[PDB]
Student: 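Before I ask anything, let me first share the structure, which is written out below as structure tokens.
Proteins get letters first, then strands, A, B, ... in listed order; numbering begins at 1 in each. What you see below is based on every heavy atom in this structure, not just the backbone, and it leaves out hydrogens, waters and symmetry mates.
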Amino acid sequence: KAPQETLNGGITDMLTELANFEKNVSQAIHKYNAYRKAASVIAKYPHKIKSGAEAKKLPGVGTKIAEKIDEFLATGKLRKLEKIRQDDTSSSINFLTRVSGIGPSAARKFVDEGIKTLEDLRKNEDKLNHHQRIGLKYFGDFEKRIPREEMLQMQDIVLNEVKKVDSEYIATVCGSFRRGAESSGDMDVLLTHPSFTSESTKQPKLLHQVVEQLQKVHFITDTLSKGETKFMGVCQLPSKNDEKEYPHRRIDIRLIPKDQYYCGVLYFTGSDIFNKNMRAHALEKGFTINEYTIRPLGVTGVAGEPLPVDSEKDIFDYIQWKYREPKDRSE
DNA sequence: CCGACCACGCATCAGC
DNA sequence: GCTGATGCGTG
DNA sequence: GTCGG
Ligand code: NA
Ligand code: NA
């Protein structure tokens, strides 16, 4: 259960501001992740926070952020946040990572050499790798939400495309859209194939061959990166005659070995808390989960040798849990 | 006081 | 050339 | 930054 707008949003936003900043311009992924947990926890909390101490009571809140909340509540802002927002560097630095393939090193990099806008990006492409190029490109496309409907449409081709290449292949979208969402971030595509398994001899062809299918039939425009296991590229929808070209959407495909699909499948599908709580449970029954397997948790504290999973149900079954639908993998 | 915080593929980058 | 490490991005 | 050894 989650309410939250006129509730805590102010707080939750100054927070995320805070996070991004730490990431992007400070290079504190941990500190970044904190602020994130914090803001998230508060996002959930059914009340209107009246004090720092009040929030402190929360699991991620602590003194420093608690203090923040007091300055916010009282003043209606955060001095710190104002300078930063006013700060040239931090800003250009902030913005610049909005571009895919740019991180904080690059971003801080560019920015030093006086590069700091889109234009400078525009007028210096020589100084950008491919990944960074494709996203200088599709900047705007990149910050767009994907409408599961389009998504649906999306779902077809890939399903079909692969259907042709091989009948035995196994594709199944995942991520948010599996989670019945009404608007995704990108299409996530999970796939495998019979001839593809752990201890087996990995056939590059598999991923290879399929990206090409989707390539052949103009589904995938650009390419961010590729390897035997997973493809990170761009895709597009057949523009309907006299209907304006949709945007270009990020997509990723994932090739997995038969013996560890489902866990992977399982794992991928999330959600976040979903993973957190399940792993906890699977433990109680005496097991330890990850992205590839499940193993009988030792009689001595820790023990190996994974179990044979042939379905998400199979997994659920080991930990003695109801085959949860993806729809409700809320946690 | 002080380490942990998810693991992991691929691309580029430092080095040798 | 190859190796190993560091950037970036993903569910 | 927070939480925990
Ligand atoms: Na707390
Ligand atoms: Na970025």
Student: Between P on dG11(C) and NZ on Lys230(A), what's the gap in Å once rounded to a whole number?
Tutor: 11 Å
Student: Answer with base, sugar-phosphate or nothing: what part of the nucleic acid does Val189(A) contact at a heavy-atom distance below 4.0 Å?
Tutor: nothing
Student: Heavy atoms from C-beta onward define the side chain here; which of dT2(D), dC10(B), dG1(D) lies closest to that of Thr229(A)?
Tutor: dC10(B)
Student: Just checking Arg279(A): base, sugar-phosphate only, or nothing, at a heavy-atom cut-off of under 4.0 Å?
Tutor: nothing
Student: Base, sugar-phosphate, or nothing for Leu15(A), non-hydrogen atoms under 4.0 angstrom?
Tutor: nothing
Student: What integer distance in Å separates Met232(A):CE from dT12(B):P?
Tutor: 12 Å
Student: With respect to the side chain of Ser100(A), which nucleotide from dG7(C), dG9(C), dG1(D) is positioned closest?
Tutor: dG9(C)
Student: Are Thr221(A) and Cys235(A) close enough, and set up right, to give a side-chain contact (heavy atoms from CB on, under 4.5 Å), and what steps lead you there?
Tutor: CA-CA 5 Å; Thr221(A) 90; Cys235(A) 64; 5.9 Å; no
Student: Would you mind reading off the distance between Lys37(A) atom NZ and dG4(D) atom P, rounded to a whole angstrom?
Tutor: 10 Å
Student: Does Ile29(A) reach a base, just sugar-phosphate, or nothing at all? Heavy atoms under 4.0 Å.
Tutor: nothing
Student: Flag the pair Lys313(A) and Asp317(A) as a salt bridge only when some basic side-chain nitrogen lies within less than 4.0 angstrom of an acidic carboxylate oxygen.
Tutor: yes
Student: Between the side chain of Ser26(A) and the main-chain N/O of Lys23(A), is any donor-acceptor distance below 3.5 Å?
Tutor: no
Student: Applying a 4.0 Å non-hydrogen cut-off, can you work out what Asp186(A) is touching in the nucleic acid: base, sugar-phosphate, or nothing?
Tutor: sugar-phosphate
Student: Using atom NZ of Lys31(A) as one end and atom P of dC2(B) as the other, report the distance to the nearest whole Å.
Tutor: 17 Å
Student: Output the single nucleotide from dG9(C), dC5(B), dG11(C) whose closest atom is nearest the side chain of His131(A).
Tutor: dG9(C)
Student: Please state the P separation for the pair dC3(D) and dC6(B) - nearest whole angstrom.
Tutor: 15 Å
Student: Quick one, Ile49(A) and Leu7(A) - any side-chain contact, counting heavy atoms below 4.5 Å?
Tutor: no
Student: May I have the distance from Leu255(A) (atom CG) to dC8(B) (atom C1'), rounded to whole angstrom?
Tutor: 15 Å
Student: Given that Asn33(A) and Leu224(A) both sit by DNA chain B, which one's nearest nucleotide is further toward the 5' end?
Tutor: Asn33(A)
Student: Using a heavy-atom cut-off of under 4.0 Å over every strand shown, decide if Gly270(A) touches base, sugar-phosphate, or nothing.
Tutor: nothing
Student: Measuring to OP1 and OP2 of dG1(D), would you say a side-chain N or O of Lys64(A) lies under 4.0 angstrom away?
Tutor: yes
Student: Would you indicate which nucleotide in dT2(D), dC10(B), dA7(B) comes nearest to any side-chain atom of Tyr292(A)?
Tutor: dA7(B)
Student: Atom CG of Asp252(A) to atom P of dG11(C): distance rounded to whole Å?
Tutor: 7 Å
Student: Would you indicate which nucleotide in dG1(D), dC8(C), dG11(C) comes nearest to any side-chain atom of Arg254(A)?
Tutor: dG11(C)
Student: Under 3.5 Å, is there a donor on one side chain and an acceptor on the other for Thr117(A) and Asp120(A)?
Tutor: yes
Student: Would you kindly compare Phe231(A) and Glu291(A) by the position of their nearest DNA chain B nucleotide and give the one closer to the 5′ end?
Tutor: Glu291(A)
Student: Inspect the contact between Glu150(A) and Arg249(A) and indicate whether a charged nitrogen and a carboxylate oxygen are less than 4.0 angstrom apart.
Tutor: yes
Student: I want to verify a distance call: between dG11(C), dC5(B), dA11(B), whose nearest atom is closest to the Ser225(A) side chain?
Tutor: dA11(B)
Student: Which nucleotide, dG1(D), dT10(C), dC8(C), lies nearest any side-chain atom of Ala106(A)?
Tutor: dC8(C)
Student: Counting the atoms with a prime plus P, OP1 and OP2 as sugar-phosphate, which does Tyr267(A) contact under 4.0 Å by heavy atoms, base, sugar-phosphate, or nothing?
Tutor: base
Student: Do the non-hydrogen side-chain atoms of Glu199(A) and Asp259(A) ever get within less than 4.5 Å of each other?
Tutor: yes
Student: Quickly work out the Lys226(A) NZ to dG9(C) P distance and round it to whole Å.
Tutor: 18 Å
Student: Would one find a side-chain N or O of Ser105(A) under 4.0 angstrom from OP1 or OP2 of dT6(C)?
Tutor: no
Student: If you look at every strand shown and take non-hydrogen atoms under 4.0 Å, does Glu228(A) touch a base, only sugar-phosphate, or nothing?
Tutor: sugar-phosphate
Student: CD of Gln132(A) versus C1' of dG7(C): gap in Å, rounded?
Tutor: 10 Å
Student: Indicate, with a heavy-atom threshold strictly under 4.0 Å, whether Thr269(A) touches base, sugar-phosphate, or nothing.
Tutor: sugar-phosphate
